[PDB]
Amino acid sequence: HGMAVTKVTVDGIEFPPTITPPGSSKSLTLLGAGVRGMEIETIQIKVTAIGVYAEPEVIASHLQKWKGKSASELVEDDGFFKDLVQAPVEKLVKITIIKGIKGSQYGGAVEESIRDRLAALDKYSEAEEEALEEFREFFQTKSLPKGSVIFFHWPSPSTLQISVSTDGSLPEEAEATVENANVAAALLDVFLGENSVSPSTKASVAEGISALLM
């Protein structure tokens, strides 16, 4: 109560300002966070909160052309978010579930979105089909009540690690690993790309990276 403390919240939901993945001494900083909102029968429902993490100095070193751009200029530029999705650096997304769902509901819905988005880009082949089956089957085994957490980890752009946490803590190891460049990138693109499910997360990340680069 006597020294400065930093708190980050997304509509009241706390996010850690930094996360150090188990097995690593490298700290990932929260770049930005937002919500997945869905308008259902005119009701604006917040169903998850999404936080995006990376090593600040490292990711800045891979985004140098954007230096000096304001958050507004970045948020309006699809090229910026494509650079961010492709940057060859470690990334972590933390999802806090707001509206409880079955794992099979989550996995099925997101898998179909990635299937469709990859198909739209002509990046859907048998390899991606198989990887998406692995993704879906992982979630079929899980329950996602309010307050549960999904961790998506990209130790490199082509590798996706997944865990589900009941208490927000990171497990000592990933529960599932999906090795497919297109699926790994497409999942990150669900959050940061065009027709993103979370414009708020994108805007927040634009604010964070704009500040970081300055």
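Numbers follow the displayed sequence, beginning with 1.
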remark   = Avg C-alpha B-factor, entry values, 19-27 vs 187-195, higher side is 19-27
task = Compare the mean C-alpha B-factor of 68-76 with that of 116-124 as given in the PDB entry, and name the stretch with the higher value.
result = 68-76
query = Whose CA atom has the top B-factor in the entry, of 148, 177, 44, 163?
reply = 44
Residue 40 by Cα B-factor - lowest, middle or highest third of the modelled chain = highest
note = Assert third(CA B-factor, residue 48) within chain per record equals lowest
query = Compared with the other modelled residues in the chain, in which third is the CA B-factor of residue 104?
reply = middle
task = Could you look up the Cα B-factor of residue 159 in the entry and say which third of the chain it sits in: lowest, middle or highest?
result = middle
request  = Would you mind checking where the Cα B-factor of residue 63 ranks among the modelled residues of its chain, as the lowest, middle or highest third?
outcome  = middle
